[PDB]
């Protein structure tokens, strides 16, 4: 009986043959295996389905941006964002090197492109042999290290020969036998491109890849290793059906120009022709503004590199062009119709939150649970997972180590909460009482636990001075070094102007007085905590609850609290809200140091002001609608990092449908709670009853579009 014909068998304890001390780990990749494939064509894939039913499976695995082979395949083995490991796209360019990158090119084998530290390099430093087969970055030597057994990429090599090659390596002597293995197949990406996600060719491809995996499992069985191997069946990205009618050509707005170069695709980037002579000299801002809101329902959008949604983490790299394009699903962008390969073929590279861009993940073996289905997770989390499977100390990556513990029978690493590095001090009443120049028209522990029911946010800032200011409706973490609130937490239940009051607990600043704010200047102040809470709550009009805010953002901020927030309280039976300013001028996704904060502190209206680049807001509710946010058994989190812009060009307000463009902006700039943590230096939910690993799972979560 073949392996696919046999039923499920619990591998609680690894049954390894002699000469094996511990189960090896094989990374089997199926390029272009969209997540919807297994959802829909499960009855046609008996081998893949059994690995799913007897292993650890996830409906959707979220890949990196852009959704391309090389960036994702390299992000898997490095656990790094594409902006950090160097491989931004299949085709890219480095200005500082004056060299282009391509799959079919000599620059591909240049070690100056590959940053970070892949798993095979990590394994080598800790005396662990590795045998790879056609994995991106295996041909090139990183840090002067090459896998003990490698093969320079040759797509002409038959798949059946690739499997046998790995099977031959598994038989090597105990001292010369690799402990980590990789496998790569071009299917069903190849068939996906030429005929589309919904075709007879992909079905034939899926069945082909399915039988090929069955051959591997039969091969493992004949070697007596079917219950002694950890298998991770993964993919790089999904597949979307392209159309000729749904394509964007830049020439229609620019003309047959030759001063700009466009890397075509659903994730388009733009660089000048005179490069690197005018790589920085070229002002992209004008071109971006000249391309925005040209169509009534435009399916593309010009984005300056720091203005992209933070969830993508696609700014802090030299190779990424300062001008990018975000496109709607099923849409690609190019300069001229000649540059593009084809318009009506299957493509990928779209937003990583799109339904069809989702990838595959199946963990099978003694280390993985049997028939366990978990929630979605990013591919950068797999790096740490493999380190635990190979007994390796992971290199510094972007994955939350320990967040995938629920996949393993016996988890190896037990994570802990980050210690508070902040210098927590107290702010008593000391300075009474200045004139604010404002016109106003006519015990403690119980209120604490009510405002921060999951625990106060911890200050990961080193070594920032923070005070805890308690009110009757909210608790705010105030900064003494920046003289403004870092965060404000409050609970909003299902059903419950030019005037201000001086907070005697904080030092007075010239920007706290209303006389500072005129009706002419676009810059004003906004509240972190809505004043219409619970008559009218007056402590929300405290000076310590205001932050510098553009008038254009107030359009979004008011609708967020006056309309959406109240609706969410009815739908989710109340919400706990934590809000605050975000300062990331270096667009790296992490909080700025005191040094760079002072460099970006503008002066306006004769006063020095540090204005936020973004504003974060985290919404927390109960998974059980019968419970209020003060009595959650399990949490329901959703975070947002909203861009603080002087205007609303990104939204195309023109037509004046306020209720439409705002919600679309919120959903677009949704982010992981971890993303908010990383960019603000705060830690949430530390006093929550669930374990750290569970809380990591919660904070690293993102909803899939469509």
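Numbering follows the first chain given and starts at 1.
*Asks:* According to the entry, how many residues of the deposited sequence fall between residue 534 and residue 535 and are not modelled? Options: none, 1 to 3, 4 to 9, 10 or more.
*Replies:* Missing in between: 4 to 9 residues.
*Asks:* Using only C-alpha atoms and the B-factors in the entry, which stretch averages higher, 550-558 or 278-286?
*Replies:* The stretch with the larger mean CA B-factor is 278-286.
*Asks:* Which of the two stretches, 240-248 or 471-479, shows the higher mean Cα temperature factor in the record?
*Replies:* Higher mean C-alpha B-factor in the PDB entry: 240-248.
*Asks:* Return the residue from 377, 314, 583, 134 that has the highest Cα B-factor in the entry.
*Replies:* Of the options given, 134 has the highest CA B-factor in the PDB entry.
*Asks:* Could you say which of 183, 172, 542, 452 has its CA atom at the highest B factor, as listed in the PDB entry?
*Replies:* Out of 183, 172, 542, 452, the record gives the largest C-alpha B-factor to 172.
*Asks:* Select lowest, middle or highest to describe the third in which the CA B-factor of residue 36 falls within its chain in this entry.
*Replies:* Ranked within chain, residue 36 CA B lands in the lowest tercile.
*Asks:* Comparing residue 650 with the other modelled residues of its chain, is its CA B-factor in the lowest, middle or highest third?
*Replies:* According to the entry, residue 650 has a C-alpha B-factor in the chain's middle third.
*Asks:* C-alpha B factor of residue 256, ranked within the chain: lowest, middle or highest third?
*Replies:* Highest third.
*Asks:* Which third of the chain holds residue 429 when residues are ordered by C-alpha B factor: lowest, middle or highest?
*Replies:* Highest third.
*Asks:* If you rank every modelled residue in this chain by C-alpha B factor, which third holds residue 677: lowest, middle or highest?
*Replies:* Lowest third - that is where residue 677 ends up once the chain's C-alpha B-factors are sorted.
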